[PDB]
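Here you get one chain, nothing else, as C-alpha cells; it is the form deposited in one PDB entry.
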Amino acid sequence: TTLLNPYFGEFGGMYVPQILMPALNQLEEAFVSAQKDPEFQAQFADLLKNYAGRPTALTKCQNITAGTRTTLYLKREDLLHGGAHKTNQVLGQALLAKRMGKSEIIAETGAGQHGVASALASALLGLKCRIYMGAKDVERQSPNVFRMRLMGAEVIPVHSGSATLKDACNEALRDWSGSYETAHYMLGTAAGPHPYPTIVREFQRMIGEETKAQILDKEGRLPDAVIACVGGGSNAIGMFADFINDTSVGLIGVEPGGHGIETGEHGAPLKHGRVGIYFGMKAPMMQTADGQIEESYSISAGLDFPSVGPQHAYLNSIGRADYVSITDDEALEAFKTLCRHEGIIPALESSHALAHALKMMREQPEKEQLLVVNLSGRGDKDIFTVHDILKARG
C-alpha cells in the first residue's frame, strides 16, 4: 500500500526483500511530507542556489551550428558544484535523510561521481557517509576515490560478482537491509524500487524547469527537442519532466551504443535489452538469455548502470519520448568538437547527447530546429581517456 503509484505502466515496482519494505514506505511518506513542507523546500532551494550554484547557464553554441538551420543550446549542469548534475538530488536526499532523523548515508557508485556527490552532500550536512564501489571500479577511479576520502566518506570496495556498479548496488542493499533504522540509502539514479525513481526525478526537475524559462526568455518559444544521455536516467528525466506535458517538445534519450549495437558491447538496455526484475524494479536490463544480470559497456564510465529508470521505459512505450544510441566514436567526435569550437570540455557521458544533436543537425542541415542538449557534466575527468585513445591513433 503506498501513497504514490510505484509503477509507470508496467515498469517499476518495489521488488525488495520484505525486510526492506518498511524503509521504503517510511521514505515515501517522508518525501510526500517534505514536498508539501515550505521550510524543506526553502532549505533545498537555498543549498541549490548558494552552495551548488543554481540556476545553471543555458549556453547557445553558434560556432557549432554555423551554416545550418539548427540553433543549439547546452544546459550547463557542468557548471554545477561537483561538475555534474548528480549534486542536485544528493542535496535533496540528504535533507530527506535528516528529516527522517537519520545520521548515516549509504551510497553506491560506478565511475565515482555519485560517490563524490554523496560524500560532498554528507560533509556539508553532517552525515556519516559510506560508499560501495566495485573493486574493478575502485582500481580505475583512483582520483574519485581519493576525493571521497578527503571529504570524510568511507569507501568500501566490493569484490563480489563482476566487482563493478551492479555489485556495489547489491552491497548497498544488503547493508541497508540491516541498518535502515539509522542509515538512509542515497541511491544514485532515477531507478531502483519506488519511491526512488519518483524522488530522483523530482529532485532533478529544476534542470528542465530552468531550461524552459531560459529558452522562453531567449527564443520566445519552447524547444523542438531536448536531448539527454541515459545511464540510469536521472539527468534525462530531470531535463524531460517539466516538458512532458508540452506535447510539441520532443524528448530524446541517448543510451551508449559502445562498440556498436550489433557487437553486443553496448549499454543500451532500454532499446536493446530485455525487461527483467532486479535492483528493486521491473525494467529493461542487460542480461543473459538465462536471466543473469550483465554489465553495460561504454567508453564513458558513468553510463554503466545495466538497466534504466522505469519512467523512461514507460515514456518510450507510449511514444512520448524517443530513445536512440550513440557509439564510442561518435561520442568522442562530439567531445572533440565541443572543445575546439566552444571551449567547453564535456563529460563523455554528456558527449553522447551532444553527438546525437550533431547528427540531427548534420543529417538535415536545412531543417529549422531548436535543440537543447543537457550537458550533464564537465569532462576534465575524461582527458586521459580521450588522450590515450587519440594516441592509439595519432
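Between two forms, the rigid core is defined as the largest C-alpha subset superposing within 1.5 Å. Numbering starts at 1 and runs along the sequence shown.
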Given 350-358 and 27-35, the range whose Cα B-factors average higher in the PDB entry
27-35
Between 323-331 and 59-67, point out the one with the higher average CA B-factor as the PDB entry records it.
59-67
Note to self: of 202, 77, 209, 139, the C-alpha temperature factor tops out at 139
Candidate set 386, 16, 371, 375 [ranked by C-alpha B-factor, highest]:
386
Going by the entry, which third of its chain does the Cα temperature factor of residue 257 land in?
lowest
Assigned third (lowest, middle, highest) for the C-alpha B factor of residue 236:
lowest
Rank-wise, by C-alpha B-factor, drop residue 105 into the lowest, middle or highest third of its chain.
middle
Looking at the C-alpha B-factor of residue 194, is it in the lowest, middle or highest third of its chain?
lowest
Could you look up the Cα B-factor of residue 47 in the entry and say which third of the chain it sits in: lowest, middle or highest?
middle
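Separately, the form deposited in another entry exists; it is not shown, and the next lines address it.
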I want to make sure I read this right: if the two forms are fitted on their rigid core, which of 72, 207, 158, 190 has a C-alpha displacement of 2 angstroms or more between this form and the one not shown?
158
C-alpha of residue 143 off by 2 Å or more between this form and the one not shown on rigid core
yes
Classify residue 92 as shifted (yes) or not shifted (no) between this form and the one not shown, where shifted means its C-alpha moves by 2 Å or more with the rigid core superposed.
no
Can a Cα shift of no less than 2 Å be assigned to residue 134 between this form and the one not shown, given superposition on the rigid core?
yes
